[PDB]
Amino acid sequence: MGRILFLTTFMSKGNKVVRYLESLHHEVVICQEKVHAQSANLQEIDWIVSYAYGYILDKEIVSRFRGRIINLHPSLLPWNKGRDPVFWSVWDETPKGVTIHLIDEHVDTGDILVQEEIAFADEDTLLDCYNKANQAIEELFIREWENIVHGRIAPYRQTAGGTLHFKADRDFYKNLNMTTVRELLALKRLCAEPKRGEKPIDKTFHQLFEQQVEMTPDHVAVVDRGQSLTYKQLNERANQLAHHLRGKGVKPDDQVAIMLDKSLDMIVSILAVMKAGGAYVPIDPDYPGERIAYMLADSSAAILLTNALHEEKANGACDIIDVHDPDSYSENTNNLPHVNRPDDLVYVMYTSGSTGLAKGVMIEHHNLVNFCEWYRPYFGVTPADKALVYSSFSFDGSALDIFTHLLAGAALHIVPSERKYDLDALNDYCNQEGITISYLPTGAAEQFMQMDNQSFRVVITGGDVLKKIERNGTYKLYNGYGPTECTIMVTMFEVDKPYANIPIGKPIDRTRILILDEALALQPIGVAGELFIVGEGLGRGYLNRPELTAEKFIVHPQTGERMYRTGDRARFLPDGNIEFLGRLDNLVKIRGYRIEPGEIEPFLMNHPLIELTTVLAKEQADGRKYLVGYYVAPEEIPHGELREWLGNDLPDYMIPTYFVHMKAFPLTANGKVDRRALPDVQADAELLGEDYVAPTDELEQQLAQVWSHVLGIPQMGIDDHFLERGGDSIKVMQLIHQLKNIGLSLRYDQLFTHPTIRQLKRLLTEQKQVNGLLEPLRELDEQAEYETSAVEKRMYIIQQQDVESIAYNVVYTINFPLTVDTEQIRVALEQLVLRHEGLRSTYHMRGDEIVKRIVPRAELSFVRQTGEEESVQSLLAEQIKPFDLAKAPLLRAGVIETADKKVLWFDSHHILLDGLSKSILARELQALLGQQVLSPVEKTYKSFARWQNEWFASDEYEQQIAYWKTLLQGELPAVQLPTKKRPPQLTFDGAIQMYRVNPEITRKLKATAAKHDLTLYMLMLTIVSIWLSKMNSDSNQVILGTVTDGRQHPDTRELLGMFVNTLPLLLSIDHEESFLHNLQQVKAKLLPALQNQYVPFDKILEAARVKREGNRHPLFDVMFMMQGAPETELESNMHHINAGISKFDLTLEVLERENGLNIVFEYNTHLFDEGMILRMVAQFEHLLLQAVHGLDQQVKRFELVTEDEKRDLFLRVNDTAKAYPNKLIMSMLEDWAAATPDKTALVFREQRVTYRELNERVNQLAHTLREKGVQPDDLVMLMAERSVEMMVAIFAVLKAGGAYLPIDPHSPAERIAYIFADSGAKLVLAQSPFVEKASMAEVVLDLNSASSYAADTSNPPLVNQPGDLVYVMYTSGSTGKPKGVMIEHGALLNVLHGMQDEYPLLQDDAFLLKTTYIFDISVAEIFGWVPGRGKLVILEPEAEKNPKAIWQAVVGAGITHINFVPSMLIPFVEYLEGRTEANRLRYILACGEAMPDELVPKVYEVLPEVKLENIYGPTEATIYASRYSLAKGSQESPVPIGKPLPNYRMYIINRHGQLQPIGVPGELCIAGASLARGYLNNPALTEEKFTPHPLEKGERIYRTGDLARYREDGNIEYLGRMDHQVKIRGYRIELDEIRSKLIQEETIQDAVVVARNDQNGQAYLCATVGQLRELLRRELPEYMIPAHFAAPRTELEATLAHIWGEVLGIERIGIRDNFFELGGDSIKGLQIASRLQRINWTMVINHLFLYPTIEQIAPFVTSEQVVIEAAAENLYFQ
Ligand SMILES: *P(=O)(=O)O[C]C([C])([C])[C]([O])C(=O)[N][C][C]C(=O)[N][C][C][N]C(=O)[C]([N][C]=O)[C]([C])[C]
Ligand SMILES: *P(=O)(O)OCC(C)(C)[C@@H](O)C(=O)NCCC(=O)NCCNC(=O)CN
Ligand SMILES: [Mn+2]
């Protein structure tokens, strides 16, 4: 051992590594600060271990301790060196691992000592990756430190490569810590920089225009009125005016104004200014003369291009150049010399309508060129197109209208104001001129979609929010987005389908869009933020407004990129598109809620009568705002109709107050909807709506005020619906309590039946005011010890089973900015300690009574630590330590400070912190952190315990206990979730998965619930119940637990304590009824339970007398909780932490956050894994969406499996197609014989038959059979034992044309007569001893008489097609008389070809004929040698029962393929153990029954080099269907039947015909090529069993009647027949599991495991009885025990027997009696241990679950050694 200097800056001081070093007995000196070269911490040090050291060691230290400085870097070096390594391992897609290396004089460039490869998942968050990485580096240390310190590890140098990263290189990706890996990479692809851009723009516009004028000189360029201009005519006239302009003084970047109207001269003037060198400044001639003067002066334009009509509007302010004066045009018609550069200004357009007078946005040439060069190839603009110059030339819409199409050879058509506003006449012009492409603003576009157009192929829109996609035309609709500051548009979207929010699209050429937060950091995909524009569209800025330009055009502080601040909110969608979410300022507050009014219009337009809609948010002088819904419809729509229409998907405040009908929306002069021309509502006054009905009496007013107080709404109406206007379950109780003060008693259920004030009055009008309904909580007087509540006693008892358990520790974190004072937070928390007695309460035990003791003051543990992002979790994990309930405060806190945040953490116990208590702690801490004063508390928890303990003596309490005792009487339901194998003892290890319901779906969920008089909890509980039922094999009843607030007295809603109560919920799902029906059923069962919600759970269990198993939890195993929305802002930024704990098998908590729902899936990791839960989360989402849209659909019609799961099943199971030769088997033999005539084909006894000899004898009997009247699909029955004649018969039947029907010769005549009839067959090819056995049925031949053969040895002609019958195998199945399965040739061929592909029988191979030919397996032996041209060794009759003989055949005949039904393989392997003969055997193909798991090793030990295979298949799928290859080193838990064969498909379906997902059981169904034609002469049965199904798209499926389940591997597991299913108390019983467990003991070799119906037709499993139960007590659950198959020895056991008999109540207790079998509860163990402690016998309550008997726990209860003598025994006074 030696001294180690542990260097850590961001990790803990007592990490797992330091402790492992201290266990190996090292002295670990820990230094967290910078060490100096000659410090004391450096003396007498033998090793230096570093872990997250945030300093650099001096070069002397590195050299002085060279080879002795070890670092722990959580990265696979050389990759991701430096800082934040795990994140950069994911973002840069580098290899993943951990490295223990040596420290040099640089950053992580040392010789690697040991290195492991970690693996991160796609569904893992970055935080999960941090945790996984930190563990690996700590385990790698524990695993290799001894090899390192002892020099057993040779350092190898770092390989070439790697990345190096520094601190603050991550400041842009800070909001991405809770994002999954695949999502992180998706954002990277979607937002990263490409490859140094495309190509730089090296051209101006006039340059490219002059190149197009040379390409299409004589094409029409512009068309105004009836006259036209060609490209060359336009170019030359512009060139003429440009020579005039340039000579007049136009220089680059100069601003020349144009005040012309839409004409041919406007296009000439625009190109003239450009060719001269300037930028055109469009001034609309109709603008106010002041606006005109402003632009001219702001633009500092010396030259104005106008005419004589608009001349005087300049007031002599510029050099007027008349565009009609000929002297203004020169004689030079040639292209001017170029004086411009791509960075030169091209135009300046003024934008206004808001703050400021008007700002001049300046655009450059490279900006426009980049747009025009993207426009042409994107829309396929050709010289054949015609475009419309629609927008005013003062708006960038005209830039698109003019410049984009000019660069493509198209023709511009000028639009006079005569048609710009008559859009019927515009459609005329377009249709009669062939206008193919144009840009129409949103409002004008939505009013052009009604016109009937045939000319347009592409119509682009944008400007406002597009809602309408239905149009009377054949043109494509495109939606664009872009500010004027960038060029025209930056994103485009093709509207392909209806959308609620039509995306604005994807960025264009050389343009990138980022969604950033307030700190200018990258938001994750789907998270909203401000849109930022990067690329070649961004212009210079604003004219003479440098402040606003620096404000909106910012260079990013981190990415170093110029970006434009849009001020618009948007989010990226997963497809790569962006969607506009509104302006970051245009949110109004309604009823106290900030909303976007544009989120309402889409729902209103979905009304079948509304075509156009617009929602405005006007206000009154009082200040409050109201929403007005303007709509265009054929006629007016009733107000209540629009209110109801929106009530299906929207909340009350998002429903507009008033609606206004319009015939046509007024449009501004630029194609937008004139919002300020929309009629203002007359009744703005104060009209609380047309729905407002004022209270008409004193009670309606009294109720309306109480409703106002509880709901927060002013002036309620007598028709307002409680649940529709914010009503919650908590608010219902608040209404009830506020009514008790009035004197009126209302029941919880009566509110849901009277949800308006109108109805409530009728309920309460006859009541009389009764005083005393609400009695104050009496403040207890001072005592030494106080009373504890029922929950506090429970929680105490829980923490006593494992005194070191953290399963009920409550850990929350809040991330504060670094500007918060850490000590201020601690001071506030120390104020919260004295403010609440719970934070100073301790719990002790007085005899057998748990009591509370209040302490006047307690000191808080406030640990300050420094850490990094990838270490915060690790630091916090080492701080969750067990709590001693006798010590206060029961809360520990601390602040972890990083370089970007201060993370406050606090850890409490459930005994004090519950749901509401957390919300009060939030609000109070937030108020204290704001230095706000708090009114001192008024009540205390210790008083509520007194009141409630007295209520337990009331009559109401007994009334409620009786409810639960009858509710949970009788056999309760059993919810068998598709879990992993349940561990014997209960485990609490867990993880969490999270599912987010978006705000849109959340809104539809709540609106749906309120509309049908339900709460969101009721609606969620129903979906959860259906979800559980569909996993419990579509059970009709389900059971689960829930949690209530538990605040009985209304005075306890401000206290800090444990109030919540756990309730058992027994609900029912009717799959034959609708979702709406089931919703009411759940409520009809929830409300009675909430009426008896104040009985403690332990008493409910006792009233129900619930049996205690060990694999499951008491009454339920799945828990569903729900929390409301956060009350404060601190509560919304609190984060609950799971320490890897799952109190139940599965817990679902719904949390309302961010206007959506965060659903947590806490699960036991021993029962579910990462993949399983992910499947269940997607199934819940699938059911939720199906339900919220299928309110009236039957629940059976909701499918649990998902489409992704269906595709996954297909590949892993049912992708089995293979092309197989259609040559029949009877031909194959005759072909083989012709080529190998003298090769061995059959071997019987010691005689051999060759292919030629076989074939020839076959041919003879065939020629005989042919003239006997044998044609295709004829049946001739066989009566023969194993011989060569049976083989000749079969093949001859097939050559003649018929099908062969094997009948056992030794079958009773009763049977034969049956098949003789059912088949209706005539020929009976029988052997000599059985010719008369046919009783001369019809024509009976003799296979042994040569008369029944013929002379012709030539191959009979082919007379069969691949669809003809080849054989008919009767079934004689259970509960049935023999039925004839008809198998065709191509069916048999497929199995033979597929089995050969798997187990090929080649020429040098052989099969053994040992299966009786009345079983289909024999067919695989009869024909399995033909494909590969092998041979068949016919075993002697009745030798299948002699393993001696079977073995001999394998040895002497070199057999490779053999079939063995299980139970006949065991006698075979019991013979081969004491044997050593050589073998050629290759495959043991097993089928017929389930393979015992013990058989697999038994086989591979007597026959190594063999390949054991388990194969399954019903007779109706020819022979086989699925197979599973077993391996030597394997221990399959049920031994699966496997995956289907080639061209086979297997489906597991439920009782309603739906594909079951993995784990969920159902009926196995076969489909594919090798299916039976049907049952012979039983078309009834053929219809019930061979049914068409949508899975096979009308093709048939065979219902096997076998229960089966899919496996994560994909292999199907056999679960038995659907009938003959054994269930104890609703749980399925697998008799093999109990047999397997009853066999591994040497004493037992014979294991009988079966069920007997007993007493009232009830069933019970039958097979040392209590010892046998003990052997099965472990491993097996108490529903799987066979119902049918006093001696204390030391003082301790006598003492234990006495104490047990008192607590358990069993007068007679034995040392071998099971605690839980005698009534052992968790309550009992505490009593037993406490009575033992009082007599100095220390016993652990946990031990009672591991050692449940007296003698088993006897050596574990220790004595408390007492000291009898004192230090002072004799005293002498002096
Ligand atoms: P209605 O809306 O149909 O009401 C149904 C309920 C859910 C029964 C309602 O009445 C109710 O009681 N809501 C509050 C229940 C509650 O307290 N939920 C949170 C419970 N969880 C905890 O107390 C702990 N862990 C996580 O929350 C705690 C340590 C924070
Ligand atoms: P014992 O074998 O441990 O069981 C008997 C008890 C009644 C003591 C035990 O089952 C019990 O306490 N059940 C109720 C506790 C419970 O289900 N949840 C705890 C309450 N807190 C939460 O559920 C999380 N918010
Ligand atoms: Mn490092």
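All the letters of the sequence shown, read from the start, carry residue numbers 1 to 770, 770A to 770B, 771 to 1661, 1670 to 1691, 1724 to 1812 under the authors' numbering.
All C-beta atoms in this analysis are idealised placements derived from N, C-alpha and C, irrespective of residue type, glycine included.
Beta-carbon contacts of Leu746 that lie in its chain and below 8 Å, excluding the five residues immediately before and after:
Walking along the sequence shown from the start, residue 746 turns up at place 746. Closer than 8 Å at the Cβ level, and outside the excluded window around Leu746, lie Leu735, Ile736, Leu739, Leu760, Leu763, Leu764.
Compare the C-alpha of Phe448 against each of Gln255, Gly671, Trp645, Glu494 and name the closest.
In the sequence shown, the residue the question calls residue 448 occupies position 448. Out of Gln255, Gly671, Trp645, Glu494, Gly671 has the C-alpha closest to the C-alpha of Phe448.
Residues that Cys1485 bridges to, as DSSP identifies them
What you label residue 1485 is simply residue 1487 of the sequence shown in a count that begins at 1. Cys1485 is not bridged to any residue.
Buried or exposed: where does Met215 fall if 16 or more other Cβ atoms within 10 Å of its Cβ makes it buried?
Along the sequence shown, read from residue 1 onward, the residue named residue 215 stands at position 215. When all chains shown are included, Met215 counts as exposed.
According to DSSP, simplified to helix, strand and coil, what is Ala1102?
Here residue 1102 corresponds to residue number 1104 of the sequence shown, with the count starting at 1. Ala1102: helix per DSSP, three-state reduction.
State the Cα-Cα distance for the pair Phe1421 and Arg1626, rounded to the nearest angstrom.
By one-based count along the sequence shown, residue 1421 stands at place 1423. By one-based count along the sequence shown, residue 1626 stands at place 1628. Looking at the two C-alpha atoms, the distance is approximately 40 Å.
On the DSSP bridge list, what partners appear for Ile258?
By one-based count along the sequence shown, residue 258 stands at place 258. Answer by DSSP bridge pairing, in chain order: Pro282, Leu305.
Expressed to the nearest angstrom, what Euclidean distance is found between the alpha-carbon atoms of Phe814 and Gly1757?
The count along the sequence shown starts at 1 and reaches residue 814 at position 816. The count along the sequence shown starts at 1 and reaches residue 1757 at position 1719. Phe814 and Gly1757: Cα-Cα distance of roughly 51 Å.
Starting from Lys850, trace the beta strand (DSSP E) in both directions and tell me its first and last residue.
As a first step, residue 850 must be located in the sequence shown, where it is residue number 852. That run of the beta strand (DSSP E) goes 847 to 852.
Just to confirm, is the Cβ distance from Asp568 to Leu531 under 8 Å?
Residue 568 sits at position 568 when you count from the first residue of the sequence shown. Residue 531 sits at position 531 when you count from the first residue of the sequence shown. Cβ distance < 8 Å, so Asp568 and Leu531 count as in contact.
Terminal residues of the continuous beta strand (DSSP E) containing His1134?
Along the sequence shown, read from residue 1 onward, the residue named residue 1134 stands at position 1136. Unbroken beta strand (DSSP E) run through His1134: 1132 to 1135.
On a CA-only basis, which of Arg675, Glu783, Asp1043 is nearest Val1058? Give me that one, please.
Mapped onto the sequence shown, residue 1058 falls at position 1060. Measuring from the Cα of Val1058, the nearest candidate turns out to be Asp1043.
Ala570 to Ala500 span [Cα, whole Å]
If you number the sequence shown from 1, residue 570 lands on position 570. If you number the sequence shown from 1, residue 500 lands on position 500. Each residue's Cα considered, the two are about 15 Å apart.
Can the beta-carbon of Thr1454 be found less than 8 Å from the beta-carbon of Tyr1481?
Along the sequence shown, read from residue 1 onward, the residue named residue 1454 stands at position 1456. Along the sequence shown, read from residue 1 onward, the residue named residue 1481 stands at position 1483. In this structure, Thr1454 sits near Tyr1481, with a CB-CB distance shorter than 8 Å.
Straight-line gap, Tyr1298 to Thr1598 (C-alpha atoms, nearest Å):
The residue you call residue 1298 lines up with position 1300 of the sequence shown. The residue you call residue 1598 lines up with position 1600 of the sequence shown. Straight-line Cα distance between these residues: approximately 24 Å.
First through last residue of the alpha helix (DSSP H) which encompasses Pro1441:
Here residue 1441 refers to the residue found at position 1443 when the sequence shown is read from its first residue. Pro1441 -> alpha helix (DSSP H) spans 1441 to 1450.
So does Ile713 have its beta carbon nearer than 7 Å to some heavy atom of ligand 1?
On the sequence shown, position 713 is the one that residue 713 refers to. No, ligand 1 has no heavy atom inside 7 Å of this Cβ.
Separation of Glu193 from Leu187, as counted between CA atoms:
Taking the sequence shown and counting its residues from 1, the one referred to as residue 187 is at position 187. Taking the sequence shown and counting its residues from 1, the one referred to as residue 193 is at position 193. Spanning the two alpha carbons is a distance of roughly 12 Å.
Taking the C-alpha atoms as reference points, what is the distance between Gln454 and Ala408?
Translated into positions along the sequence shown, residue 454 becomes position 454. Translated into positions along the sequence shown, residue 408 becomes position 408. Rounded to whole angstroms, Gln454 to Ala408 spans 22 Å at the Cα level.
Rounded to the nearest angstrom, what separates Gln705 and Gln715 at their Cα positions?
Along the sequence shown, one-based indexing puts residue 705 at 705. Along the sequence shown, one-based indexing puts residue 715 at 715. One C-alpha to the other measures close to 8 Å.
Quick one, are the C-beta atoms of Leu1085 and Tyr748 less than 8 Å apart?
Mapped onto the sequence shown, residue 1085 falls at position 1087. Mapped onto the sequence shown, residue 748 falls at position 748. Going by C-beta atoms, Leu1085 is nearer than 8 Å to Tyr748.
Between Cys318, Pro285, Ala308, which lies nearest to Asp298 when the distance is taken from Cα to Cα?
Sequence index remark: in the sequence shown, residue 298 carries index 298 (1-based). If we check each option's Cα against that of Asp298, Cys318 comes out closest.
Residue span of the alpha helix (DSSP H) that contains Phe942, given as start and end:
As a working note, residue 942 is residue 944 in the sequence shown. Looking at the DSSP string, the run of the alpha helix (DSSP H) that includes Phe942 is 939 to 949.
Only counting runs of 3 or more residues, tell me where the beta strand (DSSP E) segments fall wholly within the segment 468 to 535, in order along the chain.
Taken in chain order, the unbroken stretches of beta strand (DSSP E) that lie wholly in the segment 468 to 535 and span 3 residues or more are 476 to 481, 491 to 495, 511 to 516, 529 to 535.
In whole angstroms, give me the CA-to-CA distance for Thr511 and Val415.
Translated into the one-based positions of the sequence shown, residue 511 becomes position 511. Translated into the one-based positions of the sequence shown, residue 415 becomes position 415. So the two alpha carbons sit approximately 31 Å from each other.
Please report how far the alpha carbon of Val361 lies from the alpha carbon of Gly161, in whole angstroms.
Numbered from its first residue, the sequence shown carries residue 361 at position 361. Numbered from its first residue, the sequence shown carries residue 161 at position 161. Straight-line Cα distance between these residues: approximately 48 Å.
Going by C-alpha to C-alpha distance, which of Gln212, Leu477, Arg225 sits closest to residue 1822?
Given a span of 1 to 1812 for the chain in the structure shown, any question on residue 1822 remains unanswerable.
Whole-angstrom distance between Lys251 and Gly278, CA atom to CA atom:
Locating residue 278 in the sequence shown gives position 278, where the first residue counts as 1. Locating residue 251 in the sequence shown gives position 251, where the first residue counts as 1. Taking the straight line joining both Cα atoms gives about 6 Å.
Is it true that the CB of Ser1317 sits closer than 8 Å to the CB of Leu1273?
Mapped onto the sequence shown, residue 1273 falls at position 1275. Mapped onto the sequence shown, residue 1317 falls at position 1319. The answer is yes: Cβ separation under 8 Å.
Reduced DSSP category for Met1367 - H, G, I as helix; E, B as strand; rest coil:
Counting from one through the sequence shown, the residue named residue 1367 turns up at place 1369. Secondary structure at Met1367: strand, using DSSP grouped into helix, strand and coil.
Nearest neighbour of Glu1197, chosen from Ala1239, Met1616, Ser1416, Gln1552 [CA to CA]:
The residue given as residue 1197 occupies position 1199 in the sequence shown. Closest option to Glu1197, Cα to Cα, is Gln1552.
Are the CB atoms of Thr1641 and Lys1429 nearer to each other than 8 Å?
For the purposes of this step, residue 1641 is taken as the residue at position 1643 of the sequence shown. For the purposes of this step, residue 1429 is taken as the residue at position 1431 of the sequence shown. Not in contact: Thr1641 and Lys1429 (Cβ atoms no closer than 8 Å).
Rounded to whole angstroms, what's the CA-CA distance from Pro1435 to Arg1280? Just pull it up for me.
In the sequence shown, counting from the first residue as 1, residue 1435 sits at position 1437. In the sequence shown, counting from the first residue as 1, residue 1280 sits at position 1282. Approximately 6 Å, taken between the alpha carbons.
Select from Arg758, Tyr481, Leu832 the residue whose C-alpha is nearest the C-alpha of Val693.
Position 693 of the sequence shown, counting from 1, holds the residue named residue 693. Minimum Cα distance to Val693 is reached at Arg758.
Give the DSSP-derived three-state secondary structure of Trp1423 in the structure shown.
As a first step, residue 1423 is located in the sequence shown; it is residue number 1425 there, counting from the start. Coil at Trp1423, not helix or strand.
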